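Below you will find one chain, with nothing else, as structure tokens; this is the form deposited in one PDB entry, and questions on how it binds or moves follow later.
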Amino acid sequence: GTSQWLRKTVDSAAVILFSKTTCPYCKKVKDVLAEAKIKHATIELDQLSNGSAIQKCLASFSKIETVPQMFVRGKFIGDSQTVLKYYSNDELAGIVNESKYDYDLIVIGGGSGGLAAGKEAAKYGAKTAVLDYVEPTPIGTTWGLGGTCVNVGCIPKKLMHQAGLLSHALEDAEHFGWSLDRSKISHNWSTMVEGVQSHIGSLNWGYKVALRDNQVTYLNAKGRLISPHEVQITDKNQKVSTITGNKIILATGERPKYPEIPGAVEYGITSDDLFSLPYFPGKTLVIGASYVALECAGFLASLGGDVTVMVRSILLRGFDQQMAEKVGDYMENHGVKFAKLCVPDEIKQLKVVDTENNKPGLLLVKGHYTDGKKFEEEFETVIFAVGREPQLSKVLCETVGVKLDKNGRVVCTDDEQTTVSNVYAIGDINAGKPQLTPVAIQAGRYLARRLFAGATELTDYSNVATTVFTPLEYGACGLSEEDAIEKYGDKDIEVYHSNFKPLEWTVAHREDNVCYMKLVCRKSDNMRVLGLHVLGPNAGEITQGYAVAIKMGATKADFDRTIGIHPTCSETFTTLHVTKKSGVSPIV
């Protein structure tokens, strides 16, 4: 147990020191490695409950049982007198750089997970390379280092969401006494895009600076794993070459899908293109009903667009469906049109995009409803948000032996190991995991610590909270109500709910009974909170803190005994009492 942990740790750490905080011999080795700028992991045996056993086990490798003991890539290098000898003789640098491979770690993909993993590994002396390449979209859009969230995901989406929220702020200000007239103010799309892109550019630069200052090699090159330890790279000039690494982390993410209909690739766009578009989209059709589809339709309408969403079946498939319908009803009440039970059959081009005058084109969209009636209408911009998929055939030779599932994602053990023992996968391509930036960051940091610093902590993928940044935001943590009932049965499930009105909405004359929250609980387990849901402003700030409590096993009793902060929206969770079974109305 201890011995099996010690062997895995010694075998895969690049540079690691076994030590005690009280030992001045260990301190003298620490000072020598620091002076020579040699980074390494450290395990302080006196701060572990079974340091005694570990000290004994080290002898199976070094034939000594004292501290310090220093190792490089699975090899015992020496005790204090031996390390000092190598240093004094100008031999230590060459010893710590000796390796069978070019790199201790190669990360394929420079996004949320891959950047996190690579920087963390380098902290412990692992010689690291991070590869990143951005295949341009069909119209040629491309961007810098940092992945989907930084460049064409969470960051620009929430900034445009905030531009949309500020329109209601301008309306609210009149009621709170400010002299402006909202009716005489307009929005300039390209001014907003310039500011968003300027912040994204600071992020691109900041990541390149951070890899430099951690001695990580950054290659702006497309990678392909051709054997367990060999990565083929293709640079911007089409020069092909091969590098080797001990450990491989696959972190290449996904890209948007297009439906297989005439005109889609040629004349529509995706979210990849939207966040840097030089012109305002104009009258827009959004095809799809994911959170990407609704968030984009939402802020486009708040910025003055004429917007329609075409929905194949339901909104937010996989989310609690009562909450999804409340989300959609609010958008429909504040300007978004919906073409329900409808799919597209073709896109026809009526005008080409005007690069000169900076204006969209014009399109004719033909489709049909599930009963066979026809859809036909003209739009200036058509955005497809119909899912995302990995392209691992471009990343992964079939002969390496890395197993994939029926969706093309990588099958991994609970420590992110693929079917090939030195190869791991993290982020959106890890099958069955929540596809979110903080998950990918936590998985990559934790994995790097296990590979190169002897850590054991695993990433916990259960009960991970989410927020959908629609015009009225939807936060959630845990099970939907229909999932809870399916798993435990209706008689074992109690639901507490209530409407509420933000105090900020009162003087602004906004709606009385639109915001909503519920707790889904299990009767036979001390009224354990199985799921939490809230529709209202700042839903991400509201929901985050409760995710710690649900992680700890919170029950309805724990919510009741905690006192609220007044006046907040979030405090309504501490006094819930109306049950759905009672039939009593949840209005205020």
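Note that residue numbering begins at 1 and tracks the sequence as displayed. We call the rigid core whatever largest set of C-alpha positions still superposes within 1.5 Å between the two forms.
Name the stretch, 507 to 515 or 83 to 91, whose C-alpha atoms sit farther from the shown form on average in 9 other deposited structures of this protein, taking the rigid core as the superposition reference.
This comes out as 83 to 91, the stretch further from the shown form in 9 other deposited structures of this protein.
I'd like to know which segment deviates more from the shown structure in 9 other deposited structures of this protein: 270 to 278 or 388 to 396, using C-alpha RMS over all structures and residues after a core fit.
Once the core is superposed, the stretch further away in 9 other deposited structures of this protein is 388 to 396.
Hey, which bit's got the bigger mean C-alpha B factor in the entry, 578 to 586 or 1 to 9?
So the stretch with the higher mean C-alpha B-factor is 1 to 9.
Which of the two stretches, 83 to 91 or 147 to 155, shows the higher mean Cα temperature factor in the record?
Per the PDB entry, the higher value belongs to 83 to 91.
Looking at 537, 545, 68, 531, which one carries the largest C-alpha B-factor according to the PDB entry?
That would be 68.
Select one of 551, 522, 561, 28: the residue whose C-alpha shows the highest B-factor in the crystal structure entry.
Highest C-alpha B-factor among the listed residues goes to 28.
Compared with the other modelled residues in the chain, in which third is the CA B-factor of residue 569?
According to the entry, residue 569 has a C-alpha B-factor in the chain's lowest third.
In terms of the CA temperature factor given in the entry, to which third of its chain does residue 414 belong: lowest, middle or highest?
Middle third, going by the recorded CA B-factors of the chain.
Based on the entry's values, in what third of the chain does the Cα temperature factor of residue 337 lie: lowest, middle or highest?
Residue 337: CA B-factor falls in the middle third of its chain.
Going by the CA temperature factor in the PDB record, which third of the chain does residue 328 belong to: lowest, middle or highest?
Its C-alpha B-factor, which the entry lists for residue 328, ranks in the lowest third among residues of this chain.
Is residue 78 in the lowest, middle or highest third of its chain when residues are ranked by C-alpha B-factor?
Highest third.
The form deposited with a small molecule bound is left out here; the points below concern that form.
Of the residues 199, 187, 312, 75, which one places a heavy atom within 4.5 Å of the small molecule in the entry with it bound?
It is 312 that has a heavy atom within 4.5 Å of the partner.
Name the residue from 183, 89, 179, 413 that puts a heavy atom within 4.5 Å of the small molecule in the entry with it bound.
That would be 413.
With a cut-off of 4.5 Å between heavy atoms, is residue 484 one of the residues that contacts the small molecule in the entry with it bound?
Contact check for residue 484: no, nothing within 4.5 Å of the small molecule in the entry with it bound.
Quick one: is residue 417 in contact with the small molecule in the entry with it bound, heavy atoms, 4.5 Å cut-off?
Although the small molecule is absent here, residue 417 would touch it in the entry with it bound, with heavy atoms inside 4.5 Å.
Would you check, heavy atoms only and a 4.5 Å threshold, whether residue 101 touches the small molecule in the entry with it bound?
Contact check for residue 101: no, nothing within 4.5 Å of the small molecule in the entry with it bound.
Can any non-hydrogen atom of residue 205 be found within 4.5 angstroms of the small molecule in the entry with it bound?
Close contact is absent here: in the entry with it bound, residue 205 is far from the small molecule, nothing within 4.5 Å, heavy atoms only.
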